[PDB]
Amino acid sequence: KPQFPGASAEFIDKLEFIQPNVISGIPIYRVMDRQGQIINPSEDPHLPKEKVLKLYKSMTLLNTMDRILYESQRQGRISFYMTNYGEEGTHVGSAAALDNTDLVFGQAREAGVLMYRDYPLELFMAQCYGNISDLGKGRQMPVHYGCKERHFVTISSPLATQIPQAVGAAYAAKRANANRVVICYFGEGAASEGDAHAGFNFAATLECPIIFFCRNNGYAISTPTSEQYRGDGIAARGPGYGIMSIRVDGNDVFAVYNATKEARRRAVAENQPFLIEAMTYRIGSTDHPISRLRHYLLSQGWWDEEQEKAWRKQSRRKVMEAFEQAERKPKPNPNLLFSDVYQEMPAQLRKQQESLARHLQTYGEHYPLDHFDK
């Protein structure tokens, strides 16, 4: 009956405002309860033992590394750190549901994705210390990871900027007939940025194979969600952009996995975006997913206290071997502050490089040159 181009709808002859459903919001998908028990057998992904142990060892190794690097920051050995506490299940559950070559754009707290993708401890450490092994050349703040080999786009501090970028990478993957998805992580505070509205709408109108993965931990620094939004979290925004959406228990590695696995399958087949909002508890900058999964392992009889003790020792040893190496490497040559600004250093930038080199020849005693290379 109505013939308006902008919407498909009927007429109504009574004035009725549409009310938001916030008190009974989109429900939270769960697979296992706090005791590690599977709630609905048809939902159990029945992942094989070696894969479930990789989920558990990746989360716990991330937690072991966090404790060490958090102490390193408290001592001033690195300038900044921020732990992954409470986000291990979201990080690791979702990464396990991706293909190895699916491209990841992160938000902040993605180290578990790299851990699941077997990023070396040496390289997490090198970035935090800015040493010569950092392929980032020591230029970014600690806990700004990136890896071209593992398809994990370097993180940047500005919130939400990666959201429309991830959409562009997904459009390019669609054209390349990649059969690849892109995943983009962001927090519930970052979802208030204008770039999130841009990315969500572009992905839907340009039909992009992308998973938007929002971690809702209830806070953005000091700001609770009551001051961040008044709708039913982020998942209720997806349908307004035409995006299929789900909310999951972020402390349940299997719920995260199942939702990400199904979003990936459908995003890649259908070239459409999916939104997952994973609810967690912000536990930690400078009812837990690990406990729940441990309870599960200890059911299938897949783990026990002896194995837990041995792995806790082995993981600490590996973390400390990497920490030692990282601290004893030099920092990169100060000439590296000038390269990669453009692909080729402009002659005027080379002139500034040369002026620093002359400066250090005369005044070098005044600079902390002892553990810089060359």
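Residue numbers here begin at 1 and follow the sequence given.
The gap between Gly284 and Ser285 holds 1 to 3 unmodelled residues of the deposited sequence.
The segment from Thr286 to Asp287 is interrupted, since 10 or more residues of the deposited sequence in that interval carry no coordinates. Remark: stretch with higher mean C-alpha B factor among 107-115 and 164-172 is 107-115. The mean C-alpha temperature factor is higher for 93-101 when 183-191 and 93-101 are set side by side. Of the candidates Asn177, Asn258, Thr154, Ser79, the one whose C-alpha carries the top B factor in the deposited record is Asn177. Sorting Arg312, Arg30, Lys57, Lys49 by the CA temperature factor given in the entry leaves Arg312 at the top. Per the PDB record, residue ranking by Cα B-factor puts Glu277 in the lowest third of the chain. Looking at the C-alpha B-factors along this chain, the one for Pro224 belongs to the lowest third.
Compared with the other modelled residues of the chain, the Cα B-factor recorded for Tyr145 ranks in the lowest third. Sort the chain's modelled residues by C-alpha temperature factor and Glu122 lands in the middle third, per the entry. Sort the chain's modelled residues by C-alpha temperature factor and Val341 lands in the middle third, per the entry.
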